[PDB]
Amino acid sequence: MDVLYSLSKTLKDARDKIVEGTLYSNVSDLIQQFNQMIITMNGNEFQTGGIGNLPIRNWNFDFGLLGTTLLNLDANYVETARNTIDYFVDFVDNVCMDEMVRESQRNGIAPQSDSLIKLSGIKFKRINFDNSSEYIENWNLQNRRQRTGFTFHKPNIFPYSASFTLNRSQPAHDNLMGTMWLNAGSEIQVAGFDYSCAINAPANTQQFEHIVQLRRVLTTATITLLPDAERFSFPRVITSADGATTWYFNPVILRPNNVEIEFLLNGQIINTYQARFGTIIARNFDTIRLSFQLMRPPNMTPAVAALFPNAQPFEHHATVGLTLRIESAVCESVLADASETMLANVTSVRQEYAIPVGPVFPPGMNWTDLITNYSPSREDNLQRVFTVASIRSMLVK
């Protein structure tokens, strides 16, 4: 991985710095590194591809070194350098794709393609150079058994889940009480409804609760918490739990009462916020618990009184809700988020080359399936595959 990264890094720097007119002193060290790369590769043969429709490609290295005697580089110097650069870029791109389309239940963190396995040999170690990207830094820190951390914008931590739970129901579904929600990506919306508006409830208050267990701990999370669940604030016709019929939801929204959000880690409360809407920080957690209540308004104007009778039929359904969004966070495991193209790169290369479903990843690299059962093997393979996607993106986008 580090050598593959170094190949890419060497090529990116070469492409960027070996430009017409530049002082040789601006590239002297890079030329040394570039030539070290040529010397190390020269004489070797590699073959990539062959899985799915990823073409079999042969690579042969017999390049001359780059000159070291111009004061300022001229166009001919730059152009001959690019001939070599373009070939190596094509090679790196193919090694990356070959590596990205493979997986292993047994040793997922290890190189899977022939070329990466070959590049992991001790004779290729002299190419190693400036491992500075966040992904390679993390790869290296992991390897030395140290603490790794990936920063995400809208971390895709919640597998898609949209459902409800009726805590009080009856065949006619005319006097229900329960919750409905949508957990997806970095967002949670949950509504608690009570068709009776807590008419016979103790203290005329109905308690609700929504618990979400993350598959990985998130640290240093910046979160937006807002009252109301807009998604569950409109009239709906929903399928019954058994799928046998449909019920009617006609919500009228009240402010959630006694809101308490707890960010827990291994059952322990790490952060707790009582009725605080806006931006809050959750520093270390693997579980979110949202508790909120519907309290029947003790004083009601006529228009309100008319919505909540003492007896059925209950035609306006009292609803309270919350919306929680994780804007950014750090995770020790790789994850998909709203900004990085890694998942999309890996998924795209596999799709383009008709790569057959393997033993590790769910069909289509489906994110929900992946995060729902995020096993150690899937994570090691995902990290390997995400790191390669990031090496490839330094040169090919």
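Quick note: we count residues from 1 along the sequence shown, nothing fancier.
Mean CA temperature factor is higher for 290 to 298 when stretches 88 to 96 and 290 to 298 are set side by side in the entry. Once the C-alpha B-factors are averaged per stretch, 331 to 339 and 33 to 41 rank with 33 to 41 first. Within the listed group 226, 117, 270, 198, the record reports its top CA B-factor for 198. Of the candidates 184, 217, 75, 190, the one whose C-alpha carries the top B factor in the deposited record is 75.
Ranked by C-alpha B-factor against the other modelled residues of its chain, residue 26 falls in the middle third. Residue-level temperature factors show residue 151 in the lowest third of its chain, judged at the C-alpha atom. In the PDB entry, a CA B factor belonging to the middle third of its chain's modelled residues is recorded for residue 236. Sort the chain's modelled residues by C-alpha temperature factor and residue 130 lands in the middle third, per the entry.
In the deposited entry, the Cα temperature factor of residue 322 places it in the lowest third of its chain's modelled residues.
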